[PDB]
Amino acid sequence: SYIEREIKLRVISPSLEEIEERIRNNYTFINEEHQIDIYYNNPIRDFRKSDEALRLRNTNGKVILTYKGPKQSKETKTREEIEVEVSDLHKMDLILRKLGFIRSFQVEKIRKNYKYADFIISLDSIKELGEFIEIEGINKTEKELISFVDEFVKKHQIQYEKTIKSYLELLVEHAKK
């Protein structure tokens, strides 16, 4: 198991395209990912009450099953994460459903990944939710991440609102407004 530590920002200003223009010359483009995620629940453990997640992700055709444990921080999005690649999305979904998991909600996004000195900056355009940025740390501290996010938003004059809610939780908040 590994510990994912990331900070998610709802972008208010400017546009992500404008933000890419601003970072393009000092941040190294990695790739663009079209990610379609299916989330699952289990009738025994409410993954809403225990703060867990189960996801079957299709990212540019690669299929990834991920477990996410409860949040460990209130200042960043910090969770245990265990992932495996699987050979077939339909069959993995079928297995989960045969085992009694139920399909909950689906998240879809386009994500543009950049790299700047052990930090991954992901520009996310979320279907129905809007434009966000995530920053994840490789071999980093909560304090080192909070300081980089702060230098990042200010160097590129971004107006943002930080959150530790997941995209799944955010989507549900959005559906009923």
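Heads up, when I say rigid core I mean the largest set of C-alphas that superpose within 1.5 Å between the two forms. In case it trips you up, residue 1 is the first one in the sequence shown, and so on.
Q: Superpose on the core, then say which of 108-116 and 47-55 ends up with the larger RMS Cα offset from this form in 5 other deposited structures of this protein.
A: Of 47-55 and 108-116, the stretch deviating more in 5 other deposited structures of this protein is 47-55.
Q: Please work out which of 135-143 and 35-43 has the higher mean CA B-factor as recorded in the PDB entry.
A: It is 135-143 that shows the higher mean C-alpha B-factor.
Q: State which stretch shows the higher mean Cα B factor in the entry: 8-16 or 162-170.
A: Stretch with the higher mean C-alpha B-factor: 162-170.
Q: Using the entry's values, work out which of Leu123, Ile126, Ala117, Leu56 has the largest Cα B factor.
A: Of the candidates given, the C-alpha B-factor peaks at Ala117.
Q: Using the B-factors in the PDB entry, rank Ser87's C-alpha atom against the chain and give the third, lowest, middle or highest.
A: It belongs to the lowest third of the chain when residues are ordered by C-alpha B-factor.
Q: What third of the chain, by the recorded C-alpha B-factor, contains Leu96?
A: Bottom third by C-alpha B-factor.
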